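Text of the file my_file-v7.cif, holding mmCIF, C-alpha atoms:
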data_data
#
loop_
_atom_site.label_atom_id
_atom_site.label_comp_id
_atom_site.auth_asym_id
_atom_site.auth_seq_id
_atom_site.Cartn_x
_atom_site.Cartn_y
_atom_site.Cartn_z
CA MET A 1 36.34 59.14 51.21
CA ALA A 2 37.35 55.88 49.52
CA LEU A 3 39.51 57.57 46.89
CA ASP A 4 39.59 61.38 46.60
CA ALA A 5 42.29 61.07 43.96
CA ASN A 6 42.76 60.90 40.19
CA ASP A 7 40.35 62.31 37.60
CA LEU A 8 37.67 59.74 38.39
CA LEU A 9 35.86 62.20 40.66
CA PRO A 10 34.25 65.51 39.58
CA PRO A 11 35.52 68.85 41.02
CA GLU A 12 32.25 69.35 42.93
CA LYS A 13 33.32 66.55 45.28
CA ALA A 14 37.07 66.64 44.60
CA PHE A 15 37.36 69.66 46.88
CA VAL A 16 36.73 69.71 50.63
CA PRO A 17 36.46 73.37 51.76
CA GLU A 18 37.12 73.46 55.49
CA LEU A 19 36.30 76.91 56.85
CA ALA A 20 38.05 77.83 60.08
CA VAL A 21 36.83 81.10 61.57
CA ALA A 22 39.13 82.39 64.31
CA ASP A 23 39.38 85.60 66.34
CA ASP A 24 42.44 86.91 64.51
CA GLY A 25 41.19 86.15 61.04
CA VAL A 26 39.55 83.63 58.75
CA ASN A 27 41.52 80.60 57.58
CA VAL A 28 40.29 78.66 54.58
CA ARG A 29 41.70 75.16 54.23
CA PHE A 30 40.25 73.36 51.23
CA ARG A 31 41.51 69.82 50.76
CA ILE A 32 42.30 69.21 47.11
CA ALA A 33 41.95 65.71 45.65
CA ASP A 34 45.21 63.97 44.76
CA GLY A 35 45.40 64.77 41.06
CA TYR A 36 44.00 68.28 40.87
CA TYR A 37 46.00 71.49 41.20
CA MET A 38 45.08 75.15 41.65
CA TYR A 39 46.99 78.24 40.54
CA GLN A 40 47.91 80.48 43.49
CA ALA A 41 48.07 83.35 41.01
CA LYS A 42 44.41 82.81 40.14
CA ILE A 43 43.04 81.88 43.56
CA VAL A 44 40.64 84.59 44.71
CA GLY A 45 40.07 84.86 48.42
CA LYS A 46 39.00 87.79 50.57
CA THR A 47 36.71 88.40 53.53
CA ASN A 48 35.72 91.76 55.01
CA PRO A 49 32.71 94.01 55.75
CA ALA A 50 33.62 97.19 53.87
CA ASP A 51 36.99 96.19 52.44
CA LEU A 52 38.79 96.20 55.80
CA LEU A 53 41.19 93.37 54.97
CA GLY A 54 44.97 93.59 55.11
CA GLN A 55 46.02 91.04 52.49
CA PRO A 56 45.42 87.38 51.52
CA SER A 57 48.08 85.47 53.44
CA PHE A 58 48.82 82.33 51.44
CA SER A 59 50.88 79.43 52.76
CA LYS A 60 52.69 79.08 49.42
CA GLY A 61 53.11 75.70 47.76
CA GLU A 62 55.48 74.57 45.02
CA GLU A 63 56.37 76.00 41.62
CA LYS A 64 54.89 74.30 38.58
CA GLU A 65 56.46 74.58 35.14
CA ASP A 66 54.08 75.47 32.31
CA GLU A 67 53.89 76.11 28.57
CA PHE A 68 51.69 79.21 28.70
CA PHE A 69 52.00 80.45 32.27
CA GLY A 70 55.71 79.68 32.32
CA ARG A 71 55.87 78.72 35.98
CA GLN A 72 53.66 79.61 38.94
CA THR A 73 53.02 78.47 42.50
CA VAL A 74 50.36 75.75 42.60
CA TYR A 75 48.53 73.70 45.20
CA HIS A 76 48.10 69.98 44.56
CA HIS A 77 46.64 68.92 47.90
CA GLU A 78 47.80 71.48 50.42
CA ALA A 79 45.76 74.68 50.55
CA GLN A 80 45.59 77.19 53.39
CA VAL A 81 44.85 80.90 53.10
CA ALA A 82 44.55 83.17 56.13
CA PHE A 83 42.67 86.47 55.94
CA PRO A 84 43.79 88.97 58.63
CA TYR A 85 41.48 91.92 59.22
CA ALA A 86 42.86 95.46 59.13
CA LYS A 87 40.06 96.67 61.38
CA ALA A 88 39.07 95.12 64.70
CA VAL A 89 35.29 95.41 64.60
CA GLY A 90 32.61 92.90 65.51
CA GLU A 91 30.80 93.43 62.24
CA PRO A 92 29.47 90.81 59.78
CA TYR A 93 31.66 90.15 56.75
CA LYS A 94 31.31 88.44 53.39
CA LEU A 95 33.65 85.75 52.09
CA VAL A 96 34.51 85.69 48.40
CA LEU A 97 36.26 82.52 47.24
CA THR A 98 37.16 81.46 43.71
CA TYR A 99 38.70 78.06 42.92
CA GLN A 100 40.68 78.05 39.67
CA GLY A 101 42.97 75.27 38.53
CA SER A 102 43.26 72.13 36.43
CA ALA A 103 43.81 68.38 36.61
CA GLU A 104 46.96 66.43 35.71
CA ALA A 105 44.75 64.25 33.49
CA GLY A 106 44.34 67.11 31.03
CA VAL A 107 41.11 68.50 32.46
CA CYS A 108 40.62 72.25 32.87
CA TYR A 109 37.82 73.23 35.24
CA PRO A 110 36.50 76.83 35.32
CA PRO A 111 37.06 79.10 38.35
CA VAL A 112 34.04 78.04 40.39
CA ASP A 113 33.42 81.04 42.63
CA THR A 114 31.38 80.70 45.79
CA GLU A 115 30.47 83.58 48.07
CA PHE A 116 29.71 82.90 51.72
CA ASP A 117 28.04 85.13 54.28
CA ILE A 118 29.77 85.11 57.66
CA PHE A 119 27.03 85.59 60.23
CA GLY A 120 28.65 83.39 62.84
CA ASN A 121 28.56 79.61 62.55
CA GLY A 122 32.15 78.43 62.73
CA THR A 123 32.18 76.02 59.80
CA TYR A 124 30.80 76.81 56.34
CA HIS A 125 30.10 74.77 53.21
CA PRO A 126 28.69 75.58 49.72
CA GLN A 127 24.99 74.86 49.28
CA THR A 128 25.17 73.04 45.96
CA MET B 1 11.44 71.71 25.85
CA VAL B 2 13.23 74.97 25.00
CA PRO B 3 13.76 74.94 21.18
CA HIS B 4 13.08 78.67 20.86
CA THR B 5 15.67 79.48 23.52
CA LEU B 6 18.24 77.18 21.91
CA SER B 7 17.69 79.06 18.66
CA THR B 8 18.26 82.37 20.44
CA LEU B 9 21.84 81.36 21.21
CA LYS B 10 24.00 83.87 19.35
CA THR B 11 27.61 83.15 18.47
CA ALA B 12 30.56 85.49 19.04
CA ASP B 13 30.09 86.34 15.37
CA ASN B 14 26.57 87.56 16.24
CA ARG B 15 25.07 84.77 14.13
CA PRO B 16 22.29 82.49 15.47
CA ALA B 17 23.19 78.91 16.43
CA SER B 18 20.66 77.85 13.79
CA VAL B 19 23.58 77.71 11.34
CA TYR B 20 24.57 74.45 13.03
CA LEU B 21 21.17 73.45 14.39
CA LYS B 22 19.23 72.29 11.35
CA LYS B 23 18.91 69.56 8.70
CA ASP B 24 18.00 67.06 11.44
CA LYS B 25 21.69 66.51 12.14
CA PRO B 26 23.30 65.68 15.53
CA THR B 27 24.97 68.56 17.34
CA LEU B 28 28.06 68.47 19.55
CA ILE B 29 28.41 71.29 22.06
CA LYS B 30 31.89 71.63 23.55
CA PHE B 31 32.43 74.02 26.45
CA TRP B 32 35.80 75.69 27.04
CA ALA B 33 37.52 78.36 29.15
CA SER B 34 39.06 81.55 27.77
CA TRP B 35 42.10 82.02 30.02
CA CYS B 36 43.09 78.38 30.39
CA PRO B 37 46.38 76.69 29.32
CA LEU B 38 44.82 73.32 28.44
CA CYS B 39 41.89 74.94 26.64
CA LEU B 40 44.29 77.20 24.73
CA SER B 41 46.10 74.27 23.13
CA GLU B 42 42.83 72.41 22.55
CA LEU B 43 41.45 75.43 20.66
CA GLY B 44 43.64 74.62 17.67
CA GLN B 45 42.63 70.98 17.95
CA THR B 46 38.92 71.85 17.93
CA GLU B 47 39.28 73.53 14.54
CA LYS B 48 41.50 70.76 13.16
CA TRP B 49 39.05 68.06 14.26
CA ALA B 50 35.99 70.03 13.12
CA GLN B 51 37.54 70.11 9.66
CA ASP B 52 37.89 66.32 9.60
CA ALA B 53 35.70 64.62 7.00
CA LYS B 54 34.61 62.06 9.59
CA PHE B 55 33.71 64.71 12.16
CA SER B 56 31.73 66.61 9.52
CA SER B 57 28.87 64.20 10.22
CA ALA B 58 27.98 66.10 13.39
CA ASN B 59 27.62 69.81 14.09
CA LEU B 60 30.56 70.41 16.42
CA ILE B 61 30.39 73.83 18.10
CA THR B 62 32.16 75.58 20.96
CA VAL B 63 29.96 77.26 23.57
CA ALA B 64 30.94 79.42 26.52
CA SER B 65 28.85 81.25 29.11
CA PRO B 66 29.92 84.92 29.48
CA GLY B 67 29.70 85.91 33.12
CA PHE B 68 29.09 82.35 34.26
CA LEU B 69 31.61 80.36 36.32
CA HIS B 70 33.59 83.58 36.81
CA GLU B 71 34.38 83.68 33.07
CA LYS B 72 34.54 86.81 30.92
CA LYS B 73 31.33 88.84 31.22
CA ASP B 74 29.10 89.70 28.27
CA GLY B 75 30.78 92.31 26.13
CA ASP B 76 34.26 91.16 27.08
CA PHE B 77 34.20 87.55 25.90
CA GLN B 78 33.04 88.29 22.34
CA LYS B 79 35.67 91.03 22.26
CA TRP B 80 38.31 88.52 23.33
CA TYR B 81 37.58 86.20 20.39
CA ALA B 82 37.54 89.25 18.10
CA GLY B 83 41.26 89.60 18.79
CA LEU B 84 41.98 85.88 18.62
CA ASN B 85 42.97 83.66 15.71
CA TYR B 86 40.97 81.10 13.70
CA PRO B 87 38.24 82.99 11.79
CA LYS B 88 36.21 79.78 11.59
CA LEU B 89 35.56 78.88 15.23
CA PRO B 90 31.86 78.25 15.99
CA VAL B 91 32.01 80.02 19.36
CA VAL B 92 28.56 80.53 20.87
CA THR B 93 27.83 82.99 23.68
CA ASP B 94 25.58 81.49 26.38
CA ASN B 95 24.44 84.52 28.39
CA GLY B 96 23.86 83.48 31.99
CA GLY B 97 24.63 79.85 31.33
CA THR B 98 21.29 78.72 29.94
CA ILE B 99 22.98 75.60 28.58
CA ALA B 100 25.72 75.27 31.19
CA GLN B 101 23.32 75.43 34.13
CA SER B 102 20.82 73.02 32.57
CA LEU B 103 23.59 70.46 32.14
CA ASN B 104 25.22 71.31 35.48
CA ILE B 105 28.54 72.13 33.82
CA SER B 106 31.13 72.48 36.57
CA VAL B 107 34.24 71.36 34.69
CA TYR B 108 35.65 71.78 31.18
CA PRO B 109 35.76 70.51 28.63
CA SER B 110 32.12 69.49 28.39
CA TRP B 111 30.85 67.45 25.46
CA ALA B 112 27.10 67.70 24.99
CA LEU B 113 25.74 65.39 22.31
CA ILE B 114 22.46 66.61 20.90
CA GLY B 115 20.42 64.10 18.92
CA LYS B 116 19.02 64.71 15.44
CA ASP B 117 15.72 65.66 17.08
CA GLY B 118 17.31 68.54 18.98
CA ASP B 119 17.55 66.86 22.38
CA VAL B 120 20.48 66.13 24.70
CA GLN B 121 21.28 62.45 24.15
CA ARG B 122 24.69 62.28 25.82
CA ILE B 123 26.75 64.47 28.15
CA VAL B 124 30.41 63.85 28.97
CA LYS B 125 32.52 65.80 31.46
CA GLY B 126 36.17 65.66 30.46
CA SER B 127 37.99 64.83 27.25
CA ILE B 128 37.04 62.50 24.40
CA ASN B 129 39.13 60.44 21.99
CA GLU B 130 39.00 58.85 18.53
CA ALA B 131 38.22 55.37 19.86
CA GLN B 132 35.42 56.80 21.99
CA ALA B 133 34.04 58.71 19.01
CA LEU B 134 33.92 55.48 17.01
CA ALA B 135 32.11 53.82 19.91
CA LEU B 136 29.55 56.62 19.93
CA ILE B 137 28.95 56.08 16.21
CA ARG B 138 28.24 52.44 17.01
CA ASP B 139 26.21 52.88 20.19
CA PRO B 140 25.09 56.17 21.82
CA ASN B 141 24.79 54.31 25.13
CA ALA B 142 28.54 53.67 25.25
CA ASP B 143 29.27 56.30 27.90
CA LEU B 144 32.81 56.92 29.18
#

Target format structure tokens, applied to this file:
Amino acid sequence: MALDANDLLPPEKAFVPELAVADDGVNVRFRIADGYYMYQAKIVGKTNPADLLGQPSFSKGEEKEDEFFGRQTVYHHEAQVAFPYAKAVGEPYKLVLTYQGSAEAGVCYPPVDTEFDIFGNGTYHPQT
Amino acid sequence: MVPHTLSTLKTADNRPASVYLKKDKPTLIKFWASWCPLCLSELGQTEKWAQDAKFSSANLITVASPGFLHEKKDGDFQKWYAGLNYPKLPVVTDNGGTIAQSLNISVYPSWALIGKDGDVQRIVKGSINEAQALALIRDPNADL
């Protein structure tokens, strides 16, 4: 709240996962702290009952040059992924999210994966 | 405490962690990620630093939890190192994250300083440096 930037704050609080459940699909908008960046090529996100999802619709950020990955699309603050269902059924679905990235300070955090159960609540947050 | 469990920690070489957990010497557990750019470059540094005469005063080891934090599952991680370089890397396999969970490891690298009595004396989340190492040698309370 008073900062949310740099490497002074741990990843557990450096990310604000705002879950927006709509009628068309599920939109996950996690606010990334100013200093951390995630790899769009390693971001895992999917929600469906029995694998009835079309495809993970990313918003696409900017390309980041690298020494090992060469260059990939990364998110440094902006993060929005929409999950459109391929089946229109009022069934309960699970949400699998995996946050993988690194910090510009030379810190490499593991892909903290959190699975959520969509039973109907609107907003969702990890119970850590 | 859990001394028996700590001694059950097998490395990617299939050897017990006891090889670096004896003689009443301080231990330094460093966590890392397999498929990470930053960790990849640091891997060479870990070996280089571990070979330093000054760093030979502490048992510096690299531990990873197969299957934990979405990392490589058990049976895949040890196989990964088997095809890697550096035939002298003290890589330990923490099945389930017995060490990672107990220290609430959410970000790498993680530097766990174990005292000569076999207890966690210090825990740092991030990266260390030479000046910091010297400070630790002077006072173990000199965090960050």

**OP:** Let me know the residues the PyMOL selection byres ((chain A and resi 100-109) around 7) catches in the file above, as a list in words.
**Re:**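 For this structure, the PyMOL selection byres ((chain A and resi 100-109) around 7) resolves to residues 7, 35, 36, 37, 38, 39, 42, 43, 98, 99, 110, 111 and 112 of chain A; 38, 39, 106, 107, 108, 109 and 126 of chain B.
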
Next, write the just-selected residues to a file, as a CSV table (one decimal), in the coordinates of the input, keeping C-alpha atoms as the atom set.
chain,number,residue,atom,x,y,z
A,7,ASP,CA,40.4,62.3,37.6
A,35,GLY,CA,45.4,64.8,41.1
A,36,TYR,CA,44.0,68.3,40.9
A,37,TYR,CA,46.0,71.5,41.2
A,38,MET,CA,45.1,75.2,41.6
A,39,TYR,CA,47.0,78.2,40.5
A,42,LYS,CA,44.4,82.8,40.1
A,43,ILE,CA,43.0,81.9,43.6
A,98,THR,CA,37.2,81.5,43.7
A,99,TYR,CA,38.7,78.1,42.9
A,110,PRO,CA,36.5,76.8,35.3
A,111,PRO,CA,37.1,79.1,38.4
A,112,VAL,CA,34.0,78.0,40.4
B,38,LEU,CA,44.8,73.3,28.4
B,39,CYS,CA,41.9,74.9,26.6
B,106,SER,CA,31.1,72.5,36.6
B,107,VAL,CA,34.2,71.4,34.7
B,108,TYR,CA,35.6,71.8,31.2
B,109,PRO,CA,35.8,70.5,28.6
B,126,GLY,CA,36.2,65.7,30.5

**OP:** Expand the PyMOL selection byres ((chain B) within 12 of (chain A)) into the individual residues it matches in the shown file, reporting them as a PyMOL selection string.
**Re:** chain B and resi 31-42+64-72+100+104-110+124-128+144

Original post:
Taking into account all atoms listed in the file, which residue in the set A:41, A:53, A:19, A:8 is nearest to residue A:83?
Top reply: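 Closest residue, counting all atoms listed in the file: A:53.
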
Original post:
In Å to one decimal, how far is atom CA of residue B:45 from atom CA of residue B:117?
Top reply: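 Between these atoms lies a distance of 27.4 Å.
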
Original post:
What lies within 7 Å of residue A:58 using only C-alpha atoms, ignoring chain neighbours under 4 positions off, as a VMD selection string?
Top reply: chain A and resid 80 to 82

Name the residues that the PyMOL selection byres ((chain A and resi 18) around 10) pulls out of this structure, and write them as a PDB file with C-alpha atoms, in the coordinates of the input.
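Okay, this is what ended up in out.pdb:
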ATOM      1  CA  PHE A  15      37.360  69.660  46.880  1.00  0.00           C
ATOM      2  CA  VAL A  16      36.730  69.710  50.630  1.00  0.00           C
ATOM      3  CA  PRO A  17      36.460  73.370  51.760  1.00  0.00           C
ATOM      4  CA  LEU A  19      36.300  76.910  56.850  1.00  0.00           C
ATOM      5  CA  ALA A  20      38.050  77.830  60.080  1.00  0.00           C
ATOM      6  CA  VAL A  21      36.830  81.100  61.570  1.00  0.00           C
ATOM      7  CA  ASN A  27      41.520  80.600  57.580  1.00  0.00           C
ATOM      8  CA  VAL A  28      40.290  78.660  54.580  1.00  0.00           C
ATOM      9  CA  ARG A  29      41.700  75.160  54.230  1.00  0.00           C
ATOM     10  CA  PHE A  30      40.250  73.360  51.230  1.00  0.00           C
ATOM     11  CA  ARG A  31      41.510  69.820  50.760  1.00  0.00           C
ATOM     12  CA  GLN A  80      45.590  77.190  53.390  1.00  0.00           C
ATOM     13  CA  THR A 123      32.180  76.020  59.800  1.00  0.00           C
ATOM     14  CA  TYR A 124      30.800  76.810  56.340  1.00  0.00           C
ATOM     15  CA  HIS A 125      30.100  74.770  53.210  1.00  0.00           C
TER      16      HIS A 125
END

Subject >> Residue among A:70, A:120, A:126, A:54 lying closest to residue A:91, counting all atoms listed in the file >> reply: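 Ranking A:70, A:120, A:126, A:54 by distance to residue A:91, first place goes to A:120.
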
Original post:
What is the distance, in Å and to one decimal place, between atom CA of residue A:96 and atom CA of residue A:34?
Top reply: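 Answer for the atom CA of residue A:96 to atom CA of residue A:34 separation: 24.5 Å.
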
Subject >> Residue contacts of residue A:40 (8 Å, all atoms listed in the file) excluding same-chain residues fewer than 4 positions away, as JSON, numbers by chain >> reply: {"A": [60, 72, 73, 74, 75]}

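For the atom pair formed by atom CA of residue B:103 and atom CA of residue B:84, the distance is 27.5 Å, given to one decimal.
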
**OP:** Return the single residue from B:140, B:83, B:90, B:75 that is closest to residue B:15, with distances computed using all atoms listed in the file.
**Re:**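 So, comparing all the options, the nearest one is B:90.
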